[PDB]
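Okay, start-v5.tsv is below, TSV, C-alpha atoms:
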chain	number	residue	atom	x	y	z
A	943	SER	CA	49.96	22.59	-30.27
A	944	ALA	CA	47.91	24.75	-27.89
A	945	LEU	CA	45.11	25.07	-30.45
A	946	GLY	CA	45.02	21.30	-30.98
A	947	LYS	CA	44.90	20.68	-27.23
A	948	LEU	CA	42.09	23.22	-26.82
A	949	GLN	CA	40.14	21.65	-29.69
A	950	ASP	CA	40.49	18.20	-28.12
A	951	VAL	CA	39.32	19.59	-24.76
A	952	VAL	CA	36.31	21.24	-26.41
A	953	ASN	CA	35.41	18.01	-28.22
A	954	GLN	CA	35.64	16.02	-24.98
A	955	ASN	CA	33.44	18.59	-23.22
A	956	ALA	CA	30.90	18.43	-26.05
A	957	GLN	CA	30.73	14.63	-25.86
A	958	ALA	CA	30.34	14.80	-22.07
A	959	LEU	CA	27.55	17.37	-22.46
A	960	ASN	CA	25.75	15.16	-24.99
A	961	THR	CA	25.95	12.19	-22.62
A	962	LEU	CA	24.73	14.40	-19.76
A	963	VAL	CA	21.76	15.60	-21.82
A	964	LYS	CA	20.83	12.03	-22.75
A	965	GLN	CA	21.02	10.83	-19.14
A	966	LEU	CA	19.06	13.88	-17.99
A	967	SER	CA	16.30	13.19	-20.52
A	968	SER	CA	16.12	9.55	-19.41
A	969	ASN	CA	15.95	10.51	-15.72
A	970	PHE	CA	13.29	13.15	-16.40
A	971	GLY	CA	11.17	10.63	-18.28
A	972	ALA	CA	11.50	8.20	-15.38
A	973	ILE	CA	10.54	10.90	-12.86
A	974	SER	CA	7.54	11.92	-14.97
A	975	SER	CA	6.35	8.30	-15.13
A	976	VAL	CA	6.77	7.95	-11.36
A	977	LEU	CA	4.81	11.16	-10.75
A	978	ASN	CA	2.02	10.03	-13.08
A	979	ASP	CA	1.75	6.69	-11.27
A	980	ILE	CA	1.74	8.46	-7.89
A	981	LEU	CA	-1.05	10.81	-9.01
A	982	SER	CA	-3.06	7.85	-10.32
A	983	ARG	CA	-2.66	6.01	-7.01
A	984	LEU	CA	-3.66	9.15	-5.09
A	985	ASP	CA	-6.81	9.59	-7.18
A	986	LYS	CA	-7.69	5.91	-6.74
A	987	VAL	CA	-7.23	6.07	-2.96
A	988	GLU	CA	-9.29	9.26	-2.70
A	989	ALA	CA	-12.12	7.75	-4.74
A	990	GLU	CA	-12.03	4.54	-2.70
A	991	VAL	CA	-12.22	6.46	0.59
B	745	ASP	CA	-17.15	20.87	18.74
B	746	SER	CA	-15.27	19.89	15.58
B	747	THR	CA	-15.62	21.31	12.07
B	748	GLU	CA	-13.66	18.84	9.93
B	749	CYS	CA	-15.37	15.95	11.73
B	750	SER	CA	-18.79	17.27	10.68
B	751	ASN	CA	-17.52	17.99	7.16
B	752	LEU	CA	-16.40	14.37	6.82
B	753	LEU	CA	-19.60	13.05	8.43
B	754	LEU	CA	-21.77	14.96	5.94
B	755	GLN	CA	-20.48	12.57	3.25
B	756	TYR	CA	-21.65	9.45	5.12
B	757	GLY	CA	-25.23	10.11	4.00
B	758	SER	CA	-28.59	10.67	5.69
B	759	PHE	CA	-28.32	7.73	8.09
B	760	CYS	CA	-29.25	10.02	11.00
B	761	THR	CA	-32.67	10.59	9.42
B	762	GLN	CA	-33.26	6.83	9.23
B	763	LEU	CA	-32.11	6.45	12.85
B	764	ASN	CA	-34.54	9.16	13.99
B	765	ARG	CA	-37.38	7.60	11.98
B	766	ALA	CA	-36.61	4.21	13.56
B	767	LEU	CA	-36.57	5.73	17.05
B	768	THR	CA	-39.90	7.47	16.43
B	769	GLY	CA	-41.53	4.16	15.47
B	770	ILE	CA	-41.33	4.28	11.67
B	771	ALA	CA	-39.82	1.25	9.94
B	772	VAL	CA	-36.81	1.71	7.68
B	773	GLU	CA	-37.51	1.06	4.00
B	774	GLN	CA	-35.43	-1.56	2.16
B	775	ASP	CA	-34.83	-0.36	-1.40
B	776	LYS	CA	-32.01	0.48	-3.81
B	777	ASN	CA	-29.94	3.69	-4.02
B	778	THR	CA	-32.52	6.14	-5.36
B	779	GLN	CA	-31.24	9.08	-3.29
B	780	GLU	CA	-27.48	8.52	-2.82
B	781	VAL	CA	-25.08	8.47	-5.79
B	782	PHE	CA	-21.39	7.52	-5.79
B	783	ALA	CA	-20.49	10.33	-8.18
B	784	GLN	CA	-17.10	11.98	-8.61
B	785	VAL	CA	-15.84	15.17	-10.23
B	786	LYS	CA	-12.08	14.44	-10.63
B	787	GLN	CA	-10.84	17.89	-9.62
B	788	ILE	CA	-7.20	16.78	-10.00
B	789	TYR	CA	-5.01	19.43	-11.61
B	790	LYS	CA	-3.11	18.84	-14.84
B	791	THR	CA	0.59	18.08	-14.55
B	792	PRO	CA	2.97	20.74	-15.93
B	793	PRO	CA	4.45	19.76	-19.31

Is it possible to give me this structure as structure tokens?
Amino acid sequence: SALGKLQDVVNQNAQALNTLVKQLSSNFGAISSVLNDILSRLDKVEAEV
Amino acid sequence: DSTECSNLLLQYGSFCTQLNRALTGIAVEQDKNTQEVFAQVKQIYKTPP
């Protein structure tokens, strides 16, 4: 019984970690896109000035 | 008595030379941009992967 409970806990933790990794990758892609757009706007403003 | 002011004014061009030539009695020539170029170097660093 204890081994089954521990296995279920480990499986739940693994699923949670997979979801966390997916959400982290999505958020990092979004942040990278935002930073690229910010750098482009900065370069444009500097050139215009 | 400002350094950054002069550094930023140096990019405005040689208008002071034309002003001095006009004050001395020499007419200002009306031509295209054969001495000033709107060039850029794009010294922006690369984003970390």

field: At most 9 Å to chain B: residues in chain A, all atoms listed in the file, as a PyMOL selection string
entry: chain A and resi 977-978+981+985+989

Hey, could you pull the box centre and edge lengths for range 752-757 of chain B, axis-aligned, 5 Å padding per side, all listed atoms, to one decimal in Å, as AutoDock Vina command-line options?
--center_x -20.8 --center_y 12.2 --center_z 5.8 --size_x 18.8 --size_y 15.5 --size_z 15.2

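Atom pair CA of residue 765 in chain B / CA of residue 751 in chain B: separated by 22.9 Å.
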
task: Mind giving me the straight-line distance from CA of residue 974 in chain A to CA of residue 790 in chain B in Å, one decimal?
output: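 That distance, rounded to one decimal, is 12.7 Å.
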
query: What does the distance between CA of residue 990 in chain A and CA of residue 773 in chain B come to in Å, to one decimal place?
result: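 Value for the CA of residue 990 in chain A-CA of residue 773 in chain B distance: 26.6 Å.
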
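Proximity of B:755, B:745, B:750, B:760 to residue 772 in chain B, computed with all atoms listed in the file, is greatest for B:760.
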